[PDB]
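**Q** Structure: protein.pdb, PDB, C-alpha atoms.
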ATOM      1  CA  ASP B 298     -10.047  12.937  18.906
ATOM      2  CA  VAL B 299      -9.874  10.713  15.815
ATOM      3  CA  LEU B 300      -9.960   7.468  17.813
ATOM      4  CA  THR B 301     -13.454   8.178  19.149
ATOM      5  CA  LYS B 302     -14.928   8.033  15.641
ATOM      6  CA  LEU B 303     -13.862   4.390  15.274
ATOM      7  CA  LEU B 304     -16.549   1.700  15.467
ATOM      8  CA  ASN B 305     -16.573  -1.120  18.035
ATOM      9  CA  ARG B 306     -16.353  -4.713  16.781
ATOM     10  CA  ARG B 307     -19.777  -5.583  18.223
ATOM     11  CA  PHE B 308     -21.370  -3.597  15.391
ATOM     12  CA  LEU B 309     -19.800  -5.740  12.625
ATOM     13  CA  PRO B 310     -22.554  -8.369  12.444
ATOM     14  CA  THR B 311     -25.541  -6.008  12.318
ATOM     15  CA  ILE B 312     -23.718  -3.788   9.816
ATOM     16  CA  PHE B 313     -22.465  -6.587   7.541
ATOM     17  CA  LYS B 314     -25.818  -8.375   7.501
ATOM     18  CA  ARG B 315     -27.530  -5.263   6.169
ATOM     19  CA  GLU B 316     -24.696  -4.173   3.869
ATOM     20  CA  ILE B 317     -24.459  -7.609   2.249
ATOM     21  CA  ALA B 318     -28.228  -7.848   1.741
ATOM     22  CA  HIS B 319     -28.073  -4.518  -0.066
ATOM     23  CA  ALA B 320     -25.199  -5.733  -2.268
ATOM     24  CA  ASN B 321     -27.242  -8.728  -3.447
ATOM     25  CA  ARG B 322     -30.524  -6.943  -4.172
ATOM     26  CA  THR B 323     -28.665  -4.332  -6.216
ATOM     27  CA  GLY B 324     -25.631  -6.225  -7.494
ATOM     28  CA  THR B 325     -23.168  -3.594  -6.309
ATOM     29  CA  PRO B 326     -19.568  -4.637  -5.530
ATOM     30  CA  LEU B 327     -18.475  -4.887  -1.900
ATOM     31  CA  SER B 328     -14.982  -5.248  -0.443
ATOM     32  CA  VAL B 329     -13.213  -5.563   2.914
ATOM     33  CA  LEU B 330      -9.848  -4.322   4.103
ATOM     34  CA  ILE B 331      -8.397  -6.089   7.135
ATOM     35  CA  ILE B 332      -5.431  -4.190   8.521
ATOM     36  CA  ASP B 333      -2.849  -4.946  11.212
ATOM     37  CA  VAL B 334       0.072  -2.643  12.140
ATOM     38  CA  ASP B 335       3.397  -4.427  11.637
ATOM     39  CA  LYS B 336       5.359  -5.441  14.741
ATOM     40  CA  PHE B 337       3.115  -3.216  16.850
ATOM     41  CA  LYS B 338       3.634  -5.011  20.183
ATOM     42  CA  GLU B 339       7.368  -4.678  19.636
ATOM     43  CA  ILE B 340       6.875  -0.949  18.971
ATOM     44  CA  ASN B 341       4.548  -0.655  21.935
ATOM     45  CA  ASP B 342       7.187  -2.098  24.258
ATOM     46  CA  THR B 343      10.232  -0.222  22.989
ATOM     47  CA  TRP B 344       8.765   3.273  22.629
ATOM     48  CA  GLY B 345       5.810   3.124  24.993
ATOM     49  CA  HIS B 346       2.028   3.266  24.932
ATOM     50  CA  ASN B 347       2.003   7.018  24.360
ATOM     51  CA  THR B 348       4.005   6.312  21.212
ATOM     52  CA  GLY B 349       1.847   3.310  20.346
ATOM     53  CA  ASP B 350      -1.276   5.423  20.835
ATOM     54  CA  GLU B 351       0.004   8.262  18.673
ATOM     55  CA  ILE B 352       0.742   5.662  16.022
ATOM     56  CA  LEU B 353      -2.862   4.465  16.213
ATOM     57  CA  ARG B 354      -3.972   8.072  15.688
ATOM     58  CA  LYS B 355      -1.836   8.685  12.600
ATOM     59  CA  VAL B 356      -2.854   5.303  11.190
ATOM     60  CA  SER B 357      -6.556   5.947  11.819
ATOM     61  CA  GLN B 358      -6.249   9.337  10.159
ATOM     62  CA  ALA B 359      -4.871   7.711   7.010
ATOM     63  CA  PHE B 360      -8.012   5.569   6.878
ATOM     64  CA  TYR B 361     -10.649   8.303   7.065
ATOM     65  CA  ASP B 362      -8.700  10.379   4.532
ATOM     66  CA  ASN B 363      -9.007   7.598   1.950
ATOM     67  CA  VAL B 364     -12.543   6.316   2.498
ATOM     68  CA  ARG B 365     -15.980   7.779   1.850
ATOM     69  CA  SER B 366     -18.419   8.750   4.573
ATOM     70  CA  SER B 367     -20.488   5.795   3.383
ATOM     71  CA  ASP B 368     -17.707   3.360   4.318
ATOM     72  CA  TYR B 369     -17.140   1.861   7.754
ATOM     73  CA  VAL B 370     -13.981   1.569   9.864
ATOM     74  CA  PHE B 371     -13.756  -0.737  12.877
ATOM     75  CA  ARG B 372     -11.077  -1.060  15.589
ATOM     76  CA  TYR B 373     -10.954  -4.362  17.493
ATOM     77  CA  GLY B 374      -7.564  -5.033  19.025
ATOM     78  CA  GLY B 375      -4.714  -2.700  19.800
ATOM     79  CA  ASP B 376      -3.560  -2.512  16.196
ATOM     80  CA  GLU B 377      -6.388  -4.428  14.505
ATOM     81  CA  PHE B 378      -8.676  -2.687  12.009
ATOM     82  CA  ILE B 379     -11.490  -3.597   9.610
ATOM     83  CA  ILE B 380     -12.638  -1.426   6.723
ATOM     84  CA  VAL B 381     -15.847  -2.114   4.836
ATOM     85  CA  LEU B 382     -15.860  -0.593   1.364
ATOM     86  CA  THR B 383     -19.395  -0.214   0.068
ATOM     87  CA  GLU B 384     -19.700   0.010  -3.718
ATOM     88  CA  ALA B 385     -15.990  -0.300  -4.539
ATOM     89  CA  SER B 386     -14.778  -2.351  -7.515
ATOM     90  CA  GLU B 387     -11.692  -4.563  -7.207
ATOM     91  CA  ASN B 388      -9.709  -1.955  -9.145
ATOM     92  CA  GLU B 389     -10.866   0.720  -6.721
ATOM     93  CA  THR B 390     -10.322  -1.411  -3.617
ATOM     94  CA  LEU B 391      -6.670  -2.211  -4.310
ATOM     95  CA  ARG B 392      -6.034   1.424  -5.215
ATOM     96  CA  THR B 393      -7.530   2.464  -1.860
ATOM     97  CA  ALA B 394      -5.603  -0.149   0.111
ATOM     98  CA  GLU B 395      -2.429   0.982  -1.635
ATOM     99  CA  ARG B 396      -2.974   4.647  -0.809
ATOM    100  CA  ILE B 397      -3.384   3.625   2.822
ATOM    101  CA  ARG B 398      -0.323   1.361   3.012
ATOM    102  CA  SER B 399       1.881   3.931   1.294
ATOM    103  CA  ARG B 400       0.736   6.731   3.595
ATOM    104  CA  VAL B 401       1.717   4.850   6.745
ATOM    105  CA  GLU B 402       5.090   3.897   5.273
ATOM    106  CA  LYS B 403       5.866   7.500   4.357
ATOM    107  CA  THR B 404       4.890   8.825   7.790
ATOM    108  CA  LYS B 405       8.188   9.071   9.654
ATOM    109  CA  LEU B 406       7.894   9.471  13.415
ATOM    110  CA  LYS B 407      10.480  11.227  15.577
ATOM    111  CA  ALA B 408      11.572   9.303  18.669
ATOM    112  CA  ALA B 409      12.365  10.591  22.151
ATOM    113  CA  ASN B 410      16.053  10.668  21.203
ATOM    114  CA  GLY B 411      15.420  11.975  17.701
ATOM    115  CA  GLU B 412      15.473   8.756  15.695
ATOM    116  CA  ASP B 413      12.957   7.516  13.125
ATOM    117  CA  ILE B 414      10.218   5.014  13.941
ATOM    118  CA  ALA B 415       9.535   2.332  11.343
ATOM    119  CA  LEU B 416       5.876   2.343  10.312
ATOM    120  CA  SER B 417       4.115  -0.106   8.014
ATOM    121  CA  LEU B 418       0.797  -1.853   7.449
ATOM    122  CA  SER B 419      -0.208  -5.302   6.338
ATOM    123  CA  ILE B 420      -3.532  -5.383   4.527
ATOM    124  CA  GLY B 421      -5.783  -8.257   3.529
ATOM    125  CA  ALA B 422      -8.372  -7.572   0.847
ATOM    126  CA  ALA B 423     -11.349  -9.583  -0.379
ATOM    127  CA  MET B 424     -14.248  -8.994  -2.775
ATOM    128  CA  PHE B 425     -17.864  -9.931  -2.056
ATOM    129  CA  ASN B 426     -18.891 -12.786  -4.350
ATOM    130  CA  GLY B 427     -22.536 -13.140  -3.362
ATOM    131  CA  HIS B 428     -22.242 -15.501  -0.397
ATOM    132  CA  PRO B 429     -24.905 -14.644   2.235
ATOM    133  CA  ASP B 430     -22.768 -15.367   5.322
ATOM    134  CA  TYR B 431     -20.558 -12.391   6.229
ATOM    135  CA  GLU B 432     -18.129 -14.477   8.268
ATOM    136  CA  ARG B 433     -16.934 -16.131   5.055
ATOM    137  CA  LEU B 434     -16.036 -12.726   3.631
ATOM    138  CA  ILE B 435     -14.089 -11.825   6.769
ATOM    139  CA  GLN B 436     -12.346 -15.194   6.822
ATOM    140  CA  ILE B 437     -10.816 -14.861   3.361
ATOM    141  CA  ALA B 438      -9.828 -11.225   3.953
ATOM    142  CA  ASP B 439      -8.102 -12.284   7.163
ATOM    143  CA  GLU B 440      -6.445 -15.143   5.280
ATOM    144  CA  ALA B 441      -5.233 -12.543   2.794
ATOM    145  CA  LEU B 442      -3.826 -10.588   5.728
ATOM    146  CA  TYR B 443      -2.126 -13.738   6.992
ATOM    147  CA  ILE B 444      -0.186 -14.024   3.750
ATOM    148  CA  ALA B 445       0.796 -10.345   3.681
ATOM    149  CA  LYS B 446       2.302 -10.841   7.134
ATOM    150  CA  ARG B 447       3.914 -14.127   6.081
ATOM    151  CA  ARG B 448       5.403 -12.556   2.937
ATOM    152  CA  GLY B 449       7.378  -9.916   4.821
ATOM    153  CA  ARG B 450       4.715  -7.345   5.753
ATOM    154  CA  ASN B 451       4.342  -3.781   4.422
ATOM    155  CA  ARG B 452       2.226  -4.993   1.514
ATOM    156  CA  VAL B 453      -1.295  -5.683   0.285
ATOM    157  CA  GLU B 454      -2.687  -9.107  -0.643
ATOM    158  CA  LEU B 455      -5.922 -10.072  -2.390
ATOM    159  CA  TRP B 456      -7.603 -13.394  -1.614
ATOM    160  CA  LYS B 457      -7.637 -16.105  -4.279
ATOM    161  CA  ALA B 458      -8.548 -19.809  -4.382
ATOM    162  CA  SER B 459      -4.820 -20.462  -4.798
ATOM    163  CA  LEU B 460      -2.953 -20.689  -1.489
TER     164      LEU B 460
END
Reformat the file's structure so that it appears as structure tokens.

**A**
Amino acid sequence: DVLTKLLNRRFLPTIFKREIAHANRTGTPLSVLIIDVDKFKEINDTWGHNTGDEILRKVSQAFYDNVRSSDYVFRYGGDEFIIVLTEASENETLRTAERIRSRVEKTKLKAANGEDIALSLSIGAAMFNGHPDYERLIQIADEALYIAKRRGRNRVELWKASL
């Protein structure tokens, strides 16, 4: 089962604290992908939890197929995910986030009647800029996610001082 490999949210602090410390001592880039499945509750209602669950499996599979073993993937809510990319440049991060978003879009799902289920991700991305507090890094990545949702979903957004 792919869903059992996912990390609980409670491990975010202890993991981020250590992973940030390492990124400052060495000067290696660090990035975060915050992901939320588009209109998931609406999908969960219409097609059922078995369908919602299978969606979470396909979506989780897309993650592990496009991250290293050295990266971390967390699942907090029903459709809420957090990916920590250790040692990934901005160029690499956006490329990774794009591979993930595209994969989910191009995964068509057959319904009970035989129709197609619309799948898409919204992804917020943010680069580590040296700040010691990890919550700041999650805040801006979540803010980036907020915009991707606000701008019509099925897209990636990178956090900037402009907003």

**Q** So that each row is one residue of stretch 312-426 of chain B with an atom at most 6 Å from stretch 436-455 of chain B, can you give its shortest atom pair and the distance in Å to one decimal, using all atoms listed in the file, rows by chain and rising number, as CSV?

**A**
residue,atom,partner,partner_atom,distance
B:417,CA,B:451,CA,5.1
B:418,CA,B:451,CA,5.0
B:419,CA,B:451,CA,5.2
B:420,CA,B:453,CA,4.8
B:421,CA,B:442,CA,3.8
B:422,CA,B:455,CA,4.8
B:423,CA,B:438,CA,4.9

**Q** Which residue, B:389, B:335, B:384, B:412, has the smallest gap to residue B:369 when you use only C-alpha atoms?

**A**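 Between B:389, B:335, B:384, B:412, the residue approaching residue B:369 most closely is B:384.
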
**Q** Residues within 12 Å of residue B:413, please, as a PyMOL selection string. Count all atoms listed in the file; anything in the same chain fewer than 3 positions from it doesn't count.

**A** chain B and resi 340+344+402-410+416

**Q** Quick one: which residues end up in the PyMOL selection byres ((chain B and resi 305) around 8) for this structure, as a ChimeraX atom specification?

**A** /B:303-304,306-309,371-373

**Q** Provide the atom CA of residue B:321 to atom CA of residue B:395 distance in Å, to one decimal place.

**A**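 Distance reported for this atom pair: 26.7 Å.
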
**Q** For residue B:387, list every protein, DNA or RNA residue within 9 Å, evaluated using only C-alpha atoms, and leave out those in the same chain fewer than 5 positions away; present the list as number ranges by chain.

**A** B: 326-328, 392, 423-424

**Q** Would you save the residues of that selection, restricted to C-alpha atoms, as a PDB file, in the coordinates of the input?

**A**
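And here's out_26.pdb as it stands now:
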ATOM      1  CA  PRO B 326     -19.568  -4.637  -5.530  1.00  0.00           C
ATOM      2  CA  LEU B 327     -18.475  -4.887  -1.900  1.00  0.00           C
ATOM      3  CA  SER B 328     -14.982  -5.248  -0.443  1.00  0.00           C
ATOM      4  CA  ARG B 392      -6.034   1.424  -5.215  1.00  0.00           C
ATOM      5  CA  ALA B 423     -11.349  -9.583  -0.379  1.00  0.00           C
ATOM      6  CA  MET B 424     -14.248  -8.994  -2.775  1.00  0.00           C
TER       7      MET B 424
END

**Q** Name every residue that the PyMOL selection byres ((chain B and resi 359) around 10) selects in this structure, writing the answer as a VMD selection string with chains first and numbers rising.

**A** chain B and resid 353 to 358 360 to 364 396 to 401 404

**Q** Please produce an output containing C-alpha atoms for each residue in the selection, written as a PDB file, in the coordinates of the input.

**A**
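As a result, part_19.pdb now contains:
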ATOM      1  CA  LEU B 353      -2.862   4.465  16.213  1.00  0.00           C
ATOM      2  CA  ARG B 354      -3.972   8.072  15.688  1.00  0.00           C
ATOM      3  CA  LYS B 355      -1.836   8.685  12.600  1.00  0.00           C
ATOM      4  CA  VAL B 356      -2.854   5.303  11.190  1.00  0.00           C
ATOM      5  CA  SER B 357      -6.556   5.947  11.819  1.00  0.00           C
ATOM      6  CA  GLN B 358      -6.249   9.337  10.159  1.00  0.00           C
ATOM      7  CA  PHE B 360      -8.012   5.569   6.878  1.00  0.00           C
ATOM      8  CA  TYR B 361     -10.649   8.303   7.065  1.00  0.00           C
ATOM      9  CA  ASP B 362      -8.700  10.379   4.532  1.00  0.00           C
ATOM     10  CA  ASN B 363      -9.007   7.598   1.950  1.00  0.00           C
ATOM     11  CA  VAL B 364     -12.543   6.316   2.498  1.00  0.00           C
ATOM     12  CA  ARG B 396      -2.974   4.647  -0.809  1.00  0.00           C
ATOM     13  CA  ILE B 397      -3.384   3.625   2.822  1.00  0.00           C
ATOM     14  CA  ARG B 398      -0.323   1.361   3.012  1.00  0.00           C
ATOM     15  CA  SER B 399       1.881   3.931   1.294  1.00  0.00           C
ATOM     16  CA  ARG B 400       0.736   6.731   3.595  1.00  0.00           C
ATOM     17  CA  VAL B 401       1.717   4.850   6.745  1.00  0.00           C
ATOM     18  CA  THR B 404       4.890   8.825   7.790  1.00  0.00           C
TER      19      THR B 404
END
